[PDB]
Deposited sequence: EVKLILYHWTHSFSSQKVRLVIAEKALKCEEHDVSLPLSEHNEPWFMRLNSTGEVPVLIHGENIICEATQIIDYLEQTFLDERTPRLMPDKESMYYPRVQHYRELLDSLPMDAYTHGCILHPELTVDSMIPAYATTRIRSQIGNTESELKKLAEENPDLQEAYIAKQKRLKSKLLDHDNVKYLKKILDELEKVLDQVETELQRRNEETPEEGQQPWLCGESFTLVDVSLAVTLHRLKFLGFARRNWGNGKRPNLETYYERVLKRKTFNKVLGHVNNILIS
């Protein structure tokens, strides 16, 4: 047989997307978490959120987006679910529009702007002493990108509204745009930007979506513990 091999950091955002796509497709994959609990400077994984790789026979693929595209285009046995509609399908141009819009969110900026200036976060799951340690980019820049997020989240909420006409974001099937949405939100919850953008009083369809995928078997099996700082 031909082995499928993945070298990744368990807590890297992009790696989470890749590993969830692997479970959503029911692929056997030999996964190697190369990260270490404590660094040489004695730091745990939630301190070091500063690219994964897939080896499949003769192919080497790098960066999550490229690994996911490789997976979608390569495993086409009928039993293997598709997470993307046919390239000439009516549905592709919409799905790919949200997928690009979600895959474009500055997660790097969010995580760095959560440790710094934690005032903008609410119920952040990162210990408070990271803020002190990391203070040895600016609030102006950070507020902006947070407001941009609202605008993006506004689009998701409005598009999510269409519920009975249960479905997922773009249709009946769980698609690649759902791994981007699911993993994005779970990270925002870790950073403390969840209460700011949904919950009681705000975006009820989005609050229902987030809670629904926490109950999903594949998501739970793959990302159930990634926000638990007690686990290496």
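K.L.:
In sequence order, what intervals of the deposited sequence carry no C-alpha positions?
P.N.:
Missing CA coords at 51-54, 141-177, 207-213.
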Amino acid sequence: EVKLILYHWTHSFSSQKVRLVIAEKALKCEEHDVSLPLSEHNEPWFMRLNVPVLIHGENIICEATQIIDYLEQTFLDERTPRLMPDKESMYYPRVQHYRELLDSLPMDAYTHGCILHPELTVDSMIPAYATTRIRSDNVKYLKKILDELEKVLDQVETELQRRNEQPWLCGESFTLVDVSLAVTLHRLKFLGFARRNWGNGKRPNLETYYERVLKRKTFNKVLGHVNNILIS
From here on, numbers count along this sequence of modelled residues.
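K.L.:
Comparing 169-177 with 57-65, where is the mean C-alpha B-factor higher?
P.N.:
According to the entry, 169-177 carries the higher average C-alpha B-factor.
K.L.:
Name the higher of the two by mean Cα B-factor in the PDB entry, 24-32 versus 193-201.
P.N.:
So the stretch with the higher mean C-alpha B-factor is 193-201.
K.L.:
Which is it among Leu105, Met84, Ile126, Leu71: the one with the largest CA B-factor in the entry?
P.N.:
It is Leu105.
K.L.:
Place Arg163 in the lowest, middle or highest third of its chain's C-alpha B-factors, as listed in the PDB entry.
P.N.:
Its C-alpha B-factor, which the entry lists for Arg163, ranks in the highest third among residues of this chain.
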